[PDB]
Amino acid sequence: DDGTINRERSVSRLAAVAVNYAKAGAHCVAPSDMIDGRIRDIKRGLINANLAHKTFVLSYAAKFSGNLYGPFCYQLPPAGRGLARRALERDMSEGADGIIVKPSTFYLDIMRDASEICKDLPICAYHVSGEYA
Amino acid sequence: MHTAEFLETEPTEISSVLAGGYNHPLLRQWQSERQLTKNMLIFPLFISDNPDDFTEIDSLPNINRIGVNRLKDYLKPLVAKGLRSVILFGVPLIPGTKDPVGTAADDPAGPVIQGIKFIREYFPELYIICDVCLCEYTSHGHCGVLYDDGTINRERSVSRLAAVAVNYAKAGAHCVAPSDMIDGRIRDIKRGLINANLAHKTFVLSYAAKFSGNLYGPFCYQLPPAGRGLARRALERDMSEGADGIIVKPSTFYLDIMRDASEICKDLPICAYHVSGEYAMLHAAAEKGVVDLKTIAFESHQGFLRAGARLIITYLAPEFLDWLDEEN
Amino acid sequence: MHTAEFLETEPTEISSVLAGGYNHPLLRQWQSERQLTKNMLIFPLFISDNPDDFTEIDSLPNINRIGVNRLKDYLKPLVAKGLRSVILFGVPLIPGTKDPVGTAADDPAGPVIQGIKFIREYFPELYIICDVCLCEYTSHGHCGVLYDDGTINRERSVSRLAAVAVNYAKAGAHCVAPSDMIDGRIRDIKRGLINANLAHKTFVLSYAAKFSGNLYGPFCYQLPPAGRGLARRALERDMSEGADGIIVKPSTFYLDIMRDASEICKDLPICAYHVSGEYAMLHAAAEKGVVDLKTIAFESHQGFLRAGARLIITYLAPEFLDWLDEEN
Amino acid sequence: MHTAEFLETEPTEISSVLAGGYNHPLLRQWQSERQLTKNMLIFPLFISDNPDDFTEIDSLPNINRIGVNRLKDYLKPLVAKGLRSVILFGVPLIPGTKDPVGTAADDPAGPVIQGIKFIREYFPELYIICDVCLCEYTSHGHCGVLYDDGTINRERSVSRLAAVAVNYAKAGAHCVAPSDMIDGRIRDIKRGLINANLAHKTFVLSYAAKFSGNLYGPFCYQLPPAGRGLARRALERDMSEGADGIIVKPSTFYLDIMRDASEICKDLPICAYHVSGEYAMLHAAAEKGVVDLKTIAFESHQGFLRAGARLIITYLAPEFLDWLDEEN
Ligand SMILES: [Hg+2]
Ligand SMILES: [Hg+2]
Ligand SMILES: [Hg+2]
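Residue numbers (this note's numbering), protein chains in the order written: chain A, 145 to 277; chain B, 568 to 895; chain C, 568 to 895; chain D, 568 to 895.
Here it is, written out as structure tokens:
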């Protein structure tokens with residue numbers, strides 16, 4: 145009601161999509177929300193949907209907010225270096241098989257934390273449009 | 568008909584709810600490993616030999632080639648703006664001062680030393696850092712004393728650099744930031760300052776991490792962009808050799824390295840350097856409007872502070888001292 | 568009647584489902600700590616003294632004893648295949664060159680130095696590594712300058728090895744891989760290259776881990792197969808002594824050690840060496856059909872890359888450069 | 568004339584002299600993290616359904632397909648040789664026992680359970696480990712209960728495996744080594760043994776690390792040769808799920824992984840498995856003479872013990888029990 149995101153709903157709704165793609169024939173699903181625990185659920189859903197073993201959950205464990213997406217909801221602070229470590233460690237725990245760090249070039253340190261923390265998970269760098277243009 | 572499917576959930580884990588730690592604008596200050604002050608900003612200076620100079624350089628810059636008689640005006644305001652430091656860059660412009668050993672380097676009557684005697688007196692407040700390198704005062708222009716139409720003569724160049732290093736330090740400069748990258752030049756610069764009995768007054772601020780990329784001028788010893796291991800060995804070495812603080816450059820493209828710096832060199836104040844490349848890249852990008860300068864400037868700079876740095880050498884110094892004064 | 572019993576389960580834990588990270592053929596590339604390129608492969612060369620030589624050796628080999636006048640043909644193709652490096656092995660075949668101090672070693676007119684002057688000119692592209700040892704140029708043939716009908720005279724042999732090491736390095740070779748295993752031979756080879764003012768050009772690629780097993784030739788200082796601790800102390804030492812990169816051999820039977828190598832010597836490029844034994848063992852095994860060569864070759868080689876190595880010295884080099892060109 | 572140059576040295580560092588720790592033959596036993604005994608060796612058994620069987624398999628093997636009436640002779644000697652364990656492999660040969668759920672699996676009258684009741688009585692001394700998998704007792708032959716002309720039905724197959732697992736364990740078997748690699752099959756096999764109130768008697772010896780390579784038979788869920796990270800996550804998981812010991816296979820080509828195993832699973836006895844591939848590869852290699860079997864056999868096996876394993880599953884078991892009796 146003319147406010148703030150209804151977590152559990154949105155999540156229940158996202159996990160829904162997530163699986164339909166995955167039912168449709170897609171190999172990977174990269175949730176780009178950043179709504180807490182959306183991964184535990186997307187993995188659980190793919191499980192019941194008995195697709196757990198085919199789909200690669202590639203989370204966006206690290207989606208920060210900066211003037212690099214379009215010049216000028218839930219989204220981690222540029223200076224918050226600790227959330228981002230807790231936000232990875234969480235998604236790793238929740239089932240994520242790989243993770244995404246973005247933007248990239250301005251957050252190599254974070255990407256660096258990613259590798260340490262999420263050492264056994266293939267890490268992916270995202271060169272946001274901002275950086276690009 | 569296609570209806571919105573909604574999967575069946577489980578109760579929310581208390582360990583999936585971080586979001587409340589970062590909601591208010593204040594908790595986004597309370598999450599910053601360190602907040603950006605004015606006393607962090609270190610302004611580079613390119614003191615030219617024509618004491619009447621104030622020549623604009625450029626690629627996107629708003630940076631100059633000042634002279635010792637302009638200094639009391641360009642510096643005046645900034646300082647009243649709260650500026651606490653500067654990193655001197657000397658610029659010989661006379662027709663015959665270069666040479667085979669950058670002799671004109673430690674030159675009691677040049678840009679640098681004739682700049683350092685100017686501040687210590689008109690602006691006793693400031694804190695003087697002096698870049699230490701033979702690039703600019705040499706005929707070939709390489710950073711160091713070279714051999715037979717080849718490769719740098721280490722021990723010589725070093726013996727020569729440590730020389731300058733101390734003269735600055737004898738002249739009245741607080742800090743010396745060697746920018747060569749010639750092995751063991753630090754052990755020597757520290758030793759020299761020791762005999763010269765100045766060890767206890769001068770802050771050796773090494774450039775432990777000087778990489779090579781298209782970010783210094785569009786297109787000698789210098790670490791590879793991909794070599795992540797040298798850079799760790801190159802820090803650990805300079806830390807051992809006496810360095811009291813260290814420099815990582817460029818910065819924004821090497822936050823990971825700056826990150827390694829903090830771990831490795833944990834007890835040494837780390838400094839971030841926003842190379843001109845980065846700098847003129849941001850302005851250039853702001854003009855086409857790909858982003859708004861002021862926005863990208865602090866993000867990029869808190870990138871320094873998060874990534875590890877408690878100090879910064881940037882050209883946006885004129886700018887931040889204004890900004891950091893602001894609230895709403 | 569005997570019926571298939573099926574126990575009663577619990578809901579599947581999200582932390583028991585890894586399988587989706589490795590299903591597509593591409594995610595099995597996305598899981599490899601490092602993918603195998605051509606620029607990793609380093610080809611050993613056994614340059615004989617009869618410049619007309621191209622004598623096949625063997626146990627299972629497809630390896631030879633070439634001469635300096637064959638070199639421009641055997642090497643030609645491979646290079647056009649993308650080959651970027653080689654590790655020279657000199658072979659004196661003349662009737663009187665051995666001796667009490669492997670004098671003929673650093674010999675400006677031998678296999679090795681008369682090979683290294685051949686490439687630097689006909690194939691400037693290549694990267695030359697030179698094995699450094701007194702085994703082959705000595706009458707007794709031991710690796711080092713020996714005493715009275717006994718045990719190696721360390722300091723001598725070392726003083727002598729460091730000598731060769733530098734001559735190669737003076738001759739135009741890029742890298743020097745000491746293969747003795749005589750204590751502190753590295754500190755000295757690095758020191759020598761320093762005085763010789765070549766420190767900054769030559770890559771000391773030690774053989775920090777040279778064990779002893781039936782894999783070099785069927786059946787001096789050399790580490791025990793079970794001694795897992797020496798090997799860690801033997802690396803940490805060579806790292807300290809100046810080594811810029813290190814070698815582990817044999818390889819496939821010592822992936823654990825290669826693994827220790829990576830941890831210990833984390834910032835130093837690690838190299839895997841597929842000893843001839845291993846090599847002729849694989850061919851020999853492929854002929855009886857116990858496995859298909861091509862299959863076992865990459866598995867065994869990605870064993871290097873997973874286990875820790877970003878470089879490799881193998882005889883399957885002729886082979887991989889072909890293969891790595893392939894897709895389906 | 569070309570004379571032997573000898574560089575000028577520095578006094579030998581005490582920290583470059585390890586060599587005295589490994590000189591005598593005894594100090595090379597005193598350096599082994601662990602010495603190889605007979606009670607380490609675990610012999611695999613392929614108990615066929617024709618109780619009169621003793622059919623030789625092969626690629627290089629000296630391994631068979633015995634029957635329950637041969638068992639008291641083939642086993643007799645070995646045991647008197649000191650053998651303390653075996654890992655049973657059941658072989659149904661009758662024309663109609665396969666099927667959609669490997670029902671014939673836990674079959675009180677089959678190779679496996681009719682083997683396990685034979686030892687517990689004629690050789691009470693031995694220690695029985697039973698491989699647990701649906702590969703061999705299924706029509707399709709995949710390891711697990713499959714779907715509609717596709718991909719393994721996890722939860723089913725698991726529910727079915729845990730079933731077998733317990734029947735063996737009810738039948739009188741000491742250990743159960745699941746060889747599937749179907750996620751979470753361990754949590755369940757441990758849970759089952761718990762309800763079945765056998766948790767405290769049966770040793771779950773997982774195959775936490777079963778990779779895929781040309782070493783099992785020349786040319787379902789199974790980890791990639793290059794995936795070094797899954798294997799660490801795949802161990803840490805099985806350790807968590809109840810596994811009391813773990814298996815790494817193949818072995819010699821994965822000593823690094825076996826190495827990770829020891830670190831990760833430090834408090835769990837680690838076991839090395841010398842897959843048939845490796846095995847027939849060594850014989851095959853010994854025949855052409857590329858090496859002498861006996862030599863390569865212990866090196867390769869101490870490779871297990873150094874790399875991390877306090878147990879071993881090999882076909883050279885007949886052999887070592889002889890050998891380990893020897894001195895000179
Ligand atoms: Hg310079
Ligand atoms: Hg040698
Ligand atoms: Hg199986």
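Each residue gets a CB set at the ideal place from its N, CA and C atoms; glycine is no exception.
Proximal chain A residues relative to residue i, where beta-carbon distance stays under 9 Å
| i | result |
| --- | --- |
| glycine 751 (chain B) | Result: empty, since nearest Cβ-Cβ is about 28 Å, beyond 9 Å. |
| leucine 713 (chain C) | None at all; the shortest Cβ gap to chain A is about 48 Å. |
Range of the contiguous alpha helix (DSSP H) that encloses residue i
| i | result |
| --- | --- |
| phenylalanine 610 (chain B) | From DSSP, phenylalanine 610 (chain B) is part of no alpha helix (DSSP H) but of the beta strand (DSSP E) over 608-615. |
| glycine 796 (chain B) | Looking at the DSSP string, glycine 796 (chain B) is not in any alpha helix (DSSP H), and its letter there is neither H nor E. |
| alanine 647 (chain B) | 638-647 |
| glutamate 808 (chain D) | Element bounds for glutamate 808 (chain D): n/a, residue is neither H nor E. |
| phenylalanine 871 (chain B) | 860-874 |
| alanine 672 (chain C) | Taken as a continuous stretch (DSSP letters only), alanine 672 (chain C) belongs to no alpha helix (DSSP H), as it is neither H nor E. |
| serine 583 (chain B) | Careful: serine 583 (chain B) lies outside any alpha helix (DSSP H) and carries neither H nor E. |
| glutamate 260 (chain A) | 252-261 |
Chain C contact residues for residue i, given Cβ-Cβ distances below 7 Å
| i | result |
| --- | --- |
| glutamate 238 (chain A) | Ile581 |
| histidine 171 (chain A) | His591 |
| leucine 782 (chain D) | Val858 |
Reduced DSSP category for residue i - H, G, I as helix; E, B as strand; rest coil
| i | result |
| --- | --- |
| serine 626 (chain C) | coil |
| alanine 740 (chain D) | coil |
| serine 599 (chain D) | strand |
| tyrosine 589 (chain C) | coil |
| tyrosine 846 (chain D) | helix |
| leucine 158 (chain A) | helix |
| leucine 891 (chain D) | coil |
| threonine 570 (chain C) | coil |
| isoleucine 149 (chain A) | coil |
| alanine 884 (chain B) | helix |
| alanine 193 (chain A) | coil |
| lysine 605 (chain D) | helix |
According to DSSP, residues forming a beta bridge with residue i
| i | result |
| --- | --- |
| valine 658 (chain D) | D:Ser615 |
| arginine 632 (chain B) | B:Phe613, B:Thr622 |
| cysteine 787 (chain D) | In DSSP, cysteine 787 (chain D) forms no bridge with anything. |
| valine 653 (chain B) | B:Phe610, B:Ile695 |
| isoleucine 267 (chain A) | A:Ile243 |
| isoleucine 749 (chain D) | DSSP, once it has assigned bridges, lists no residue as partnering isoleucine 749 (chain D). |
| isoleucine 756 (chain B) | None, per the DSSP bridge assignment. |
Chain-ordered chain A contacts of residue i [CB-CB under 8 Å]
| i | result |
| --- | --- |
| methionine 825 (chain B) | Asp253 |
| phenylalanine 573 (chain B) | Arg153, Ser156, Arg157, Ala160 |
Proximal chain A residues relative to residue i, where beta-carbon distance stays under 7 Å
| i | result |
| --- | --- |
| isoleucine 630 (chain B) | In chain order: nothing, as chain A lies at least about 23 Å away. |
| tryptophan 597 (chain C) | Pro266 |
Extent of the continuous beta strand (DSSP E) run through residue i
| i | result |
| --- | --- |
| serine 773 (chain C) | 770-777 |
| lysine 816 (chain B) | 812-816 |
| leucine 878 (chain D) | 878-880 |
Interface partners of residue i on chain B, CB under 7 Å
| i | result |
| --- | --- |
| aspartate 834 (chain C) | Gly796, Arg799, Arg800 |
| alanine 206 (chain A) | The contacting residues do not exist; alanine 206 (chain A) stays about 12 Å from chain B at best. |
Partners in chain B for residue i, counting only beta-carbon separations shorter than 8 Å
| i | result |
| --- | --- |
| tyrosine 218 (chain A) | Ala586 |
Contacts of residue i in chain C (Cβ-Cβ under 8 Å)
| i | result |
| --- | --- |
| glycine 875 (chain D) | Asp823 |
| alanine 196 (chain A) | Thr579, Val584, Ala586, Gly587 |
| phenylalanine 820 (chain D) | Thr819, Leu822, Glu866, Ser867, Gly870 |
Where residue i meets chain B, residues with beta-carbon distance less than 9 Å
| i | result |
| --- | --- |
| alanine 277 (chain A) | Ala852, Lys855, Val857, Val858 |
| Start-end ranges of the beta strand (DSSP E) lying completely within the stretch 684-716 of chain B, minimum 3 residues | Restricting attention to beta strand (DSSP E) runs no shorter than 3 residues, the stretch 684-716 of chain B encloses them at 694-699, ordered along the chain.
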